[PDB]
Amino acid sequence: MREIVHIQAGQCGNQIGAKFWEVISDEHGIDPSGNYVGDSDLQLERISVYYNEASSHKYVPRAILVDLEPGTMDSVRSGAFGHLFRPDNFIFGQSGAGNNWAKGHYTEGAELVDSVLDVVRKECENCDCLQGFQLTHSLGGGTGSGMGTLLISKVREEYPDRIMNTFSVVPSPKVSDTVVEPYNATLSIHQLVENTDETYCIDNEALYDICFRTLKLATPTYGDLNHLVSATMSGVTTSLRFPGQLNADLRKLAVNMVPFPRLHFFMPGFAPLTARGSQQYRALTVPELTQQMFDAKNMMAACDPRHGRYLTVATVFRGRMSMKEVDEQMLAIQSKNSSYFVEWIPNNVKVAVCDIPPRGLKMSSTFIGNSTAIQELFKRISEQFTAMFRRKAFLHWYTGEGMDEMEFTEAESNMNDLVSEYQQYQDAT
Amino acid sequence: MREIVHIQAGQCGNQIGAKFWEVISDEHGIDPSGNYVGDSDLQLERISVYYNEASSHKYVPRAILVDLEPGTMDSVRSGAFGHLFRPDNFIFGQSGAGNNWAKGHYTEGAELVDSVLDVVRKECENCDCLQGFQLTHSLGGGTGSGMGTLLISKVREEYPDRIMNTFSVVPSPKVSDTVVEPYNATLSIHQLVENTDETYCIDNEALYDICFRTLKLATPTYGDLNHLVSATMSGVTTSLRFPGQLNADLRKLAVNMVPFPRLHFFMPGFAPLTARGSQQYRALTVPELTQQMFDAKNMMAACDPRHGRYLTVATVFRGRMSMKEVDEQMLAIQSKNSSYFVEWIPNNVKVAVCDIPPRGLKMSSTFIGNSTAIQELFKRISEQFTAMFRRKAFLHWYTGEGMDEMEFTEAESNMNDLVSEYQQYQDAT
Amino acid sequence: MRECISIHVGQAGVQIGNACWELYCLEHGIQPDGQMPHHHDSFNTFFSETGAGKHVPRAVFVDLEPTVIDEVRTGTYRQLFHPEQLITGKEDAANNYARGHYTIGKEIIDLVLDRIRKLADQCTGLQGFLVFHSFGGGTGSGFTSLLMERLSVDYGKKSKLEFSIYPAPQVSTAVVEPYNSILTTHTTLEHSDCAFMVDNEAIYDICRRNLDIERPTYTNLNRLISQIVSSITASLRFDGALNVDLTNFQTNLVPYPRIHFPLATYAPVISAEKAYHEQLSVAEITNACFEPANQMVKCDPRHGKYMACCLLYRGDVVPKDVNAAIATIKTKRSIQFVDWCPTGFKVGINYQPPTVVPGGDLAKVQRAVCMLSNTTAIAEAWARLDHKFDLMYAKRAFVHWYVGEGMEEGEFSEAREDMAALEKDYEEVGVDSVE
Amino acid sequence: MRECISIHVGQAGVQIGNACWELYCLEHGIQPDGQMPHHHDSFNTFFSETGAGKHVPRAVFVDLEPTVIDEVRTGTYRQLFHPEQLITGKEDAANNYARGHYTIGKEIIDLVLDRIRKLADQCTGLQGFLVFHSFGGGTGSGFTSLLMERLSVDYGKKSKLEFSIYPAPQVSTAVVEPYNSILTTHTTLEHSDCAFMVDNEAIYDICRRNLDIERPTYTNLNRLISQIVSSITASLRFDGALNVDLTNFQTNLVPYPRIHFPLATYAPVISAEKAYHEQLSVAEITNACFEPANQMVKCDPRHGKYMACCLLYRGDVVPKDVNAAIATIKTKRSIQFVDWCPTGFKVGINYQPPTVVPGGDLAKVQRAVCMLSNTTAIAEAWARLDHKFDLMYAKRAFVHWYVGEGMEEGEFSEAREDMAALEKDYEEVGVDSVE
Ligand SMILES: Nc1nc2c(ncn2[C@@H]2O[C@H](COP(=O)(O)OP(=O)(O)OP(=O)(O)O)[C@@H](O)[C@H]2O)c(=O)[nH]1
Ligand SMILES: Nc1nc2c(ncn2[C@@H]2O[C@H](COP(=O)(O)OP(=O)(O)OP(=O)(O)O)[C@@H](O)[C@H]2O)c(=O)[nH]1
Ligand SMILES: Nc1nc2c(ncn2[C@@H]2O[C@H](COP(=O)(O)OP(=O)(O)OP(=O)(O)O)[C@@H](O)[C@H]2O)c(=O)[nH]1
Ligand SMILES: Nc1nc2c(ncn2[C@@H]2O[C@H](COP(=O)(O)OP(=O)(O)OP(=O)(O)O)[C@@H](O)[C@H]2O)c(=O)[nH]1
Ligand SMILES: [Mg+2]
Ligand SMILES: [Mg+2]
Ligand SMILES: [Mg+2]
Ligand SMILES: [Mg+2]
């Protein structure tokens, strides 16, 4: 009932997915072999949303894993937790895009996109009632940004009356993993804005602050870093997977948090985050969860709200815990931080409560907030892009694969246009 | 009761039969020696249709294996599964036809055809009530194509009120096994059209793709290549061999699928196909059978139905399975694929259900659809033939054994006439 | 005493009859082997008693192919049937009306008639015939039309009732149904007292929605059919406060010689777990039976008029609320009668509650309603089917199989105009006329 | 004999109905499975009797999302409810009144109307409808509008009482809350006889202060609202020294076609340890009920004037002391009535003391009072909601969603002007005027 399809593109998508489906397996009590070994029957009431029943109590997931190079699939296939995927889903190419937009959207993406479009259509008909699409990709590389944008356009035209969520990874401001970051970003965003519904802008080095400071980890590896991304990934969509006193769903969030079609760039956040040694000295209660959530320190995007305002906010609590203090504390946050909210949107808070606590924790909360602070996130990217394109650098081979100089004209003329309304609304009266 | 006669001509007919009667042996549970070793008496209630009861609980097939050269019989007789055939049936010549039409129709076929007609008549009187003839030949070779139509004419004149089916193997478009392919085909088909009730046009390389794509077998040998042909062969005639909720018979298929006497060229199809490794992750459920059956790529003929329309469509299900879902599904297939059906034949579907599953599978289905896409198959052969015949290439070797120039005139004047009528019906209103 | 024989032809009739005669032994307490563990006749109208304690049925099983009859011999109901009646040929008709009516029909038609006169003389007060034949098939359409000619001449004026299997509009098992149906109806239009219509696609909705079963095999579907079959003759075999005989419906539901095509309906049809939460009263099953979602033919009566009706209750039924519930139906405006039929209902009551076969989908019930309404809603069924056949004959598809087996092209034209005549007369009478 | 049916819409409706029907089961002494170990009719008003000793409710649970209905199916009350009424769609409206009223709402409204017609024809002396729905919920508001329109079209003049969930001024859980409220209130202003208001923040204040519970889950609030519902319905369900009916409630509370928005209150609401140290006298419970800190809508009547009042006392009660308390509260200064209503009181008495649920937050009582007041203090809440909606709509937020889901601008404009006029008329009538 209300199934959603998981799509993974780029190297991050499989790396995030390899740990994402680890989390879902533990929640539903699924052994690595793929056989149910759980005890509670509440988890099996709604199991079709993510997994699919198969012959002899098999539970293969509804996952599509696609990459341009075989260097990522061999890891998940040969490694553990690869025995439950269906090998038909393991779509792979021959060579990577090489961090090229054209080599991920025009030249080689034409023949690969036709193969995946078959499997997703095959998966869609197998579904009972499709609810939406859940996509994971990177905005910095070529395969994740290039084809993933192309796949969205093809999915959008075939399924116009359906919702989709993109858990994109915004390029890090302070550190640049790839030399050519701005060129990939602006080309993807210019095509993403008009053909998507709701995106979660997370950051790479912003995650580094939390694990090093809040979790007090000295060597944060990608295994631990991706684990935090999974927690805020399994919490947003846990409302329809489990019962609750005030339920939510994928469409419910999109109605409350998208005032305008263009303004659909979000900011996630997770709480609580306590280390193994320092968790004995903190009373896990409802009060501190909201306080530990709204502060600029525990935020998953490299943005300071102190320079901006919160347009809308949605908090998805979990675990067995009463609701009276949820609103009385939300009112206190609304009153104490009253200078940090938009005036022409009253009571701009949405709340929802689940029933099943996360593994090894009594209660937790997930915060997603549409804020104006993203305005400076795009300006920094736009400032970097407009400097390099003026020198006409690195584009001597971009034109070699079909794309042309005039393509830059519209991409840049909209990012400054998008940020114009993204900012003029903040001071609008 | 309604006995069937199996005729095998050429090397392919012997090779197909060498594995066909393996399939029948497993279904009816007979040992290689020839003694029943089964467990269920449901198999022996109708055993006379294919096998023949003999003294001391021994069964012998009602099949004759004949070729112009002794190499093929030497393999089957010396090898296993040669101890159940009655040695009288093993008819062989002195030398192969050498891929020559005249040598297989006039010179070396005249003396052999009298010997085989004796065994045909002898077997027919041993029969209780004859139902028809099954013939397996090749349209590219000499002996299978040359004598095969000669035996058809001899059988047709002496049993006029009887049905027969030919499992002809259409020459491959992409690869030509023999240099002189078109000359054999156009001469045989012109003689095939006049006195054949119904034919199954299968292809060779079109079956190469099926084994390579789904079965993911890197080296498809003829031992495994012919296995899928036998399953299609066994699926057609298992309706009268076993009980069913809704039975079909060889006379039912012909009347349902032959709107006009000249239009009896078919396209087979089998489902499901799953490799041993990837069969655990697919839930064998009736909805997936029909969808896997109708897609253009999973076809046993090298002709995509996208460029044509289905005149009539059959479906012979197998195994324990409910009747509602198959009933409602083909409506959904009809509704979704409504643009690929002939307008002046609504409800153009025949459905039949058996009650015994195939070996090692919960259920299966067989598709036999008279399509217009055959039109593109004959045009290529006619185009190839008319190019070579203009240069008179290889002609001087054919006319030296009985044939002459204007013999080719009617054969070509029939193909373009038949393909014209085959074409002026899909666009007819 | 008053005897009726049943003719089952084709795998449709035999499969229906396998469960049809399954029900009668349960109703009359007859063990499958013929032994025994209102009462005492009950079975004398169906179960011709033999010398020993065995009772043998009065059925005539006939088919062309020897397939479907084979499991009947080897089934659990092996000893009950008398081994002579199971007449079998050697090969079927292959959905060919011509084959089953001209070529292979004649070589076996003389054998079934021999067993008819054998059984008709065995009985004393013979009343009529029951026919269980489909339309799509060959042996169920061409062969049974031969019988309608043979029984009519042998026995002038007796009851001839057919329980047909109407081909579905959307659901289509065969590909030559428009050819078999129109040829069958034209020949058997004038040789049938009344023909109860049953559609195959309609019973899926009843089983899927009303009974809530996701796997409706033919075993469960055919069970829902024998209930009406056991209902039409539920007054001959049992004593009731208001009895009805087979000539009653024949006289009450046939206003014109051509318009004799009613349609069956059964009630209540509710599940097992839902039984505990239902009151199951006489007042509601009259409404439950009449709702357009409960009829067994895919033709909503709202599009037309109810020419006539007929109800046969049973069990602990009191004739007052039956009078009350039926009376209020005329007030409700989902019903619409014709002007020249101010009185248009017939009621029959019985003292025997229906009995559910063990392992069946239905639950034990104390009441039963079986409505047989001749209505104008069946006019769309002929017109819609006539459109399909008229499209075939435009380019003479599939014709060469028929012509070469012993029929003429001229015979096809006569059957085409006959359905136009029936459709014109049936609509003209159904629609209002001046003066 | 006088039958009223309950329609529960949305998750709030389903949970409130679960609590309410639990309370009814304890009140009438029926086990959860339908069996049972003044009294017996009473249960014939709600619990329709089936063939066996089981009784089944007259409830119609309807929702779009299936999760809460799955929960209520899996709950301990799985045998009691009739499985057919639990109508579920596939996806919720997601706080979109447009989705809940136009796009998906029309695809299930036919089924819910069919079930309503079936249940209403099942009963004999139908009284009216009780609708348990919220305001913020998109499905709740959309189905409220659609069902009000359909029921008003079908049944002309019957009682239609609503138990809404008013949006709280400070407590808030939605962002499109003003839009949902304005649209539903404009649509159902003219299609409801009398609509009660309940707010969550007020109940939270009551449970915090009067009952002194620090962990007030939704169960306690639902228990409270169920207690008010049972108290208002006990007049029909039981015999007393002075009975009162739903028509009495309407004709004594609402004086005008539009001013039909009362508010509810219950007394006594005291804890368990405080029960021993209290007297629970008629006068003191009457004063506590009239105390402004016990009202269940976050609006203090000191800012306005009472216009009509109805009080139902249940348990051991003396009309003399009831009269004395009413007279002294009438003569008290702080409570102020309107000039043109010299008599603003309606008293009913019932002989059945309330029964406390096991494990409940409340304590056993021998006297209970339910109060329903039509006043002018709701004008401030209407004005606040209108101001919030106007502020949100001044720059066209979420209007793209609403318009894309089949809306226009005239609907918003007319809803705004309609509530402006309604607030103006409410204030003008409530305020004192010369002559
Ligand atoms: N969150 C997270 N991000 C990662 C991780 N590994 C890589 N990334 C991000 O992914 C980007 C890599 O680019 P990709 O889109 O994967 O490109 P690719 O798969 O190497 O293919 P090419 O574009 O052709 O080079 C880097 O810029 C990182 O920011 C990871 O483990 N966790
Ligand atoms: N499907 C299938 N086809 C085969 C197989 N082996 C051979 N063939 C076909 O058979 C054809 C060979 O021609 P034949 O009719 O057998 O000729 P022959 O038996 O060798 O006798 P000559 O015509 O005198 O050479 C080839 O063109 C192949 O297409 C097989 O194992 N499977
Ligand atoms: N109600 C019901 N109908 C059936 C059943 N089995 C087959 N049918 C119907 O019978 C039709 C097939 O035509 P038949 O008259 O049965 O064909 P046949 O009896 O095998 O005789 P031939 O036409 O000669 O093959 C199908 O279209 C089905 O609708 C059954 O079990 N129950
Ligand atoms: N009194 C009370 N109110 C509740 C309760 N649960 C939810 N609510 C109210 O219901 C509102 C939510 O709207 P719902 O009708 O439940 O919406 P939904 O069921 O999720 O369906 P959609 O509107 O389509 O999203 C909240 O604003 C709450 O004020 C409850 O247990 N008791
Ligand atoms: Mg790469
Ligand atoms: Mg050879
Ligand atoms: Mg047959
Ligand atoms: Mg909801």
# chains A, B, ... in the order shown; residues from 1 in each chain; ligands from 1
$ residues_around --residues "residue 146 of chain D" --least-positions-apart "3" --cutoff "12 Å" --atoms "only C-alpha atoms" --output "MDAnalysis selection string"
chainID D and resid 9 97:110 112:113 139:143 149:153 184 187:188 191
$ residues_around --residues "segment 415-429 of chain B" --least-positions-apart "5" --cutoff "8 Å" --atoms "only C-alpha atoms" --output "JSON, numbers by chain"
{"B": [186, 190, 262, 263, 309, 342, 344, 372, 375, 378, 379, 382]}
$ closest_atom_pairs --of "chain B" --to "chain A" --cutoff "9 Å" --atoms "only C-alpha atoms" --output "Markdown table"
| residue | atom | partner | partner_atom | distance |
| --- | --- | --- | --- | --- |
| B:278 | CA | A:87 | CA | 7.2 |
| B:280 | CA | A:55 | CA | 7.1 |
| B:281 | CA | A:86 | CA | 6.0 |
| B:282 | CA | A:54 | CA | 6.4 |
| B:283 | CA | A:54 | CA | 4.7 |
| B:284 | CA | A:55 | CA | 7.0 |
| B:287 | CA | A:126 | CA | 8.6 |
| B:288 | CA | A:126 | CA | 8.2 |
$ interface_residues --of "chain D" --to "chain C" --cutoff "7 Å" --atoms "only C-alpha atoms" --output "number ranges by chain"
D: 50-51, 56, 82
$ write_last_selection --atoms "N, CA and C atoms" --output "compact mmCIF listing (two decimals), in the first residue's frame"
# COMPACT_ATOMS: atom_id res chain seq x y z
N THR D 50 -28.79 -8.70 16.11
CA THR D 50 -28.68 -9.68 15.05
C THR D 50 -29.42 -10.96 15.45
N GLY D 51 -29.30 -12.00 14.62
CA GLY D 51 -30.03 -13.23 14.89
C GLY D 51 -29.66 -13.85 16.23
N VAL D 56 -24.69 -5.25 17.23
CA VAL D 56 -23.70 -4.58 16.40
C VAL D 56 -24.00 -3.08 16.35
N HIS D 82 -19.25 -4.35 12.58
CA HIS D 82 -19.60 -5.08 11.37
C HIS D 82 -18.54 -4.80 10.31
$ select_by_dssp --residues "segment 96-233 of chain C" --states "alpha helix (DSSP H)" --output "number ranges by chain"
C: 106-122, 142-154, 177-188, 200-205, 218-232
$ residues_near_ligand --ligand "ligand 2" --cutoff "9 Å" --atoms "only C-alpha atoms and all ligand atoms" --output "number ranges by chain"
B: 9-16, 67-69, 72, 95-101, 103-104, 137-146, 169-172, 176-178, 181, 202-204, 207, 221-223, 225-226, 229
$ interface_residues --of "chain C" --to "chain B" --cutoff "8 Å" --atoms "only C-alpha atoms" --output "JSON, numbers by chain"
{"C": [67, 68, 90, 91, 93, 94, 95, 96, 170, 171, 172, 173, 174, 175, 176, 204, 215, 216, 217, 218, 388, 391, 392, 397, 398, 399, 400, 401]}
$ atom_distance --atom1 "atom CA of residue 43 of chain A" --atom2 "atom CA of residue 22 of chain A"
15.8 Å
$ atom_distance --atom1 "atom CA of residue 155 of chain B" --atom2 "atom CA of residue 237 of chain B"
21.0 Å
$ residues_near_ligand --ligand "ligand 7" --cutoff "7 Å" --atoms "only C-alpha atoms and all ligand atoms" --output "list in words"
residues 10, 11, 64, 65, 92, 93, 94, 137, 138 and 139 of chain C
$ atom_distance --atom1 "atom CA of residue 428 of chain C" --atom2 "atom CA of residue 259 of chain C"
11.6 Å
$ residues_around --residues "segment 331-342 of chain C" --least-positions-apart "5" --cutoff "8 Å" --atoms "only C-alpha atoms" --output "number ranges by chain"
C: 302, 304-308, 430, 432
$ write_last_selection --atoms "N, CA and C atoms" --output "PDB file, in the first residue's frame"
ATOM      1  N   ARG C 302     -31.440  -1.143 -14.607  1.00  0.00           N
ATOM      2  CA  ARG C 302     -31.861   0.254 -14.591  1.00  0.00           C
ATOM      3  C   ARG C 302     -32.047   0.809 -15.997  1.00  0.00           C
ATOM      4  N   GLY C 304     -33.529  -0.640 -18.415  1.00  0.00           N
ATOM      5  CA  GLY C 304     -34.751  -1.121 -19.028  1.00  0.00           C
ATOM      6  C   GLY C 304     -35.908  -1.303 -18.069  1.00  0.00           C
ATOM      7  N   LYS C 305     -36.903  -2.081 -18.486  1.00  0.00           N
ATOM      8  CA  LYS C 305     -38.108  -2.321 -17.708  1.00  0.00           C
ATOM      9  C   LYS C 305     -38.187  -3.787 -17.309  1.00  0.00           C
ATOM     10  N   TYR C 306     -38.859  -4.046 -16.191  1.00  0.00           N
ATOM     11  CA  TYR C 306     -39.117  -5.407 -15.733  1.00  0.00           C
ATOM     12  C   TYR C 306     -40.406  -5.900 -16.379  1.00  0.00           C
ATOM     13  N   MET C 307     -40.276  -6.806 -17.349  1.00  0.00           N
ATOM     14  CA  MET C 307     -41.452  -7.351 -18.020  1.00  0.00           C
ATOM     15  C   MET C 307     -42.313  -8.149 -17.047  1.00  0.00           C
ATOM     16  N   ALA C 308     -41.679  -8.971 -16.215  1.00  0.00           N
ATOM     17  CA  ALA C 308     -42.368  -9.760 -15.203  1.00  0.00           C
ATOM     18  C   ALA C 308     -41.336 -10.217 -14.183  1.00  0.00           C
ATOM     19  N   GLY C 430     -41.369  -3.689 -25.546  1.00  0.00           N
ATOM     20  CA  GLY C 430     -40.891  -3.115 -24.299  1.00  0.00           C
ATOM     21  C   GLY C 430     -41.123  -1.619 -24.214  1.00  0.00           C
ATOM     22  N   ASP C 432     -43.104   1.909 -24.968  1.00  0.00           N
ATOM     23  CA  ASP C 432     -44.521   2.230 -25.014  1.00  0.00           C
ATOM     24  C   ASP C 432     -44.976   2.448 -26.453  1.00  0.00           C
TER      25      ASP C 432
END
$ residues_around --residues "residue 427 of chain D" --least-positions-apart "6" --cutoff "10 Å" --atoms "only C-alpha atoms" --output "list in words"
residues 304, 376, 377, 378, 379, 380 and 421 of chain D
$ residues_around --residues "residue 385 of chain C" --least-positions-apart "4" --cutoff "9 Å" --atoms "only C-alpha atoms" --output "PDB file with N, CA and C atoms, in the first residue's frame"
ATOM      1  N   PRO C 167     -22.381 -15.920 -23.438  1.00  0.00           N
ATOM      2  CA  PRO C 167     -21.023 -15.392 -23.599  1.00  0.00           C
ATOM      3  C   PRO C 167     -20.918 -13.979 -23.046  1.00  0.00           C
ATOM      4  N   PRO C 169     -19.645 -10.081 -22.525  1.00  0.00           N
ATOM      5  CA  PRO C 169     -19.265  -8.979 -23.422  1.00  0.00           C
ATOM      6  C   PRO C 169     -17.764  -8.743 -23.482  1.00  0.00           C
ATOM      7  N   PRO C 178     -19.162 -14.960 -31.679  1.00  0.00           N
ATOM      8  CA  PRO C 178     -20.234 -14.329 -32.466  1.00  0.00           C
ATOM      9  C   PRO C 178     -20.776 -15.214 -33.573  1.00  0.00           C
ATOM     10  N   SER C 181     -22.985 -18.134 -31.436  1.00  0.00           N
ATOM     11  CA  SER C 181     -24.147 -17.656 -30.693  1.00  0.00           C
ATOM     12  C   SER C 181     -25.330 -17.382 -31.615  1.00  0.00           C
ATOM     13  N   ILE C 182     -25.110 -16.619 -32.688  1.00  0.00           N
ATOM     14  CA  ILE C 182     -26.223 -16.225 -33.547  1.00  0.00           C
ATOM     15  C   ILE C 182     -26.794 -17.432 -34.281  1.00  0.00           C
ATOM     16  N   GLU C 380     -30.158  -5.244 -24.645  1.00  0.00           N
ATOM     17  CA  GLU C 380     -28.812  -4.773 -24.942  1.00  0.00           C
ATOM     18  C   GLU C 380     -27.830  -5.921 -25.135  1.00  0.00           C
ATOM     19  N   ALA C 381     -28.102  -7.086 -24.543  1.00  0.00           N
ATOM     20  CA  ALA C 381     -27.196  -8.219 -24.686  1.00  0.00           C
ATOM     21  C   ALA C 381     -27.201  -8.759 -26.111  1.00  0.00           C
ATOM     22  N   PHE C 389     -20.939  -9.895 -34.351  1.00  0.00           N
ATOM     23  CA  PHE C 389     -21.085 -10.816 -35.473  1.00  0.00           C
ATOM     24  C   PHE C 389     -21.189 -10.068 -36.795  1.00  0.00           C
ATOM     25  N   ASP C 390     -21.906  -8.942 -36.809  1.00  0.00           N
ATOM     26  CA  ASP C 390     -22.048  -8.175 -38.042  1.00  0.00           C
ATOM     27  C   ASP C 390     -20.706  -7.646 -38.527  1.00  0.00           C
TER      28      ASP C 390
END
$ residues_around --residues "segment 354-367 of chain A" --least-positions-apart "4" --cutoff "6 Å" --atoms "only C-alpha atoms" --output "JSON, numbers by chain"
{"A": [239, 243, 244, 268, 269, 270, 271, 272, 315, 316, 317, 318, 319, 320]}
$ write_last_selection --atoms "C-alpha atoms" --output "tab-separated table (two decimals), in the first residue's frame"
chain	number	residue	atom	x	y	z
A	239	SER	CA	5.46	7.64	9.34
A	243	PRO	CA	1.42	3.42	13.30
A	244	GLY	CA	1.19	6.71	15.15
A	268	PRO	CA	17.24	18.45	7.34
A	269	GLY	CA	18.35	17.81	10.90
A	270	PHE	CA	18.50	14.95	13.41
A	271	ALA	CA	18.35	14.61	17.19
A	272	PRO	CA	19.47	13.31	19.65
A	315	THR	CA	9.27	17.94	12.99
A	316	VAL	CA	8.65	14.19	12.97
A	317	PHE	CA	8.93	12.74	16.46
A	318	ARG	CA	9.23	9.03	17.23
A	319	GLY	CA	8.90	6.57	20.10
A	320	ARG	CA	6.42	6.25	22.94
$ select_by_dssp --residues "segment 154-385 of chain A" --states "strand (DSSP E or B)" --output "ChimeraX atom specification"
/A:163-166,169-170,198-200,202-203,246,265-266,270-271,310-317,341,349-353,365-371
$ residues_around --residues "residue 83 of chain B" --least-positions-apart "6" --cutoff "9 Å" --atoms "only C-alpha atoms" --output "PyMOL selection string"
chain B and resi 32-34+77
$ closest_residue --among "D:254, D:147, D:165, D:207" --to "ligand 4" --atoms "only C-alpha atoms and all ligand atoms"
D:165
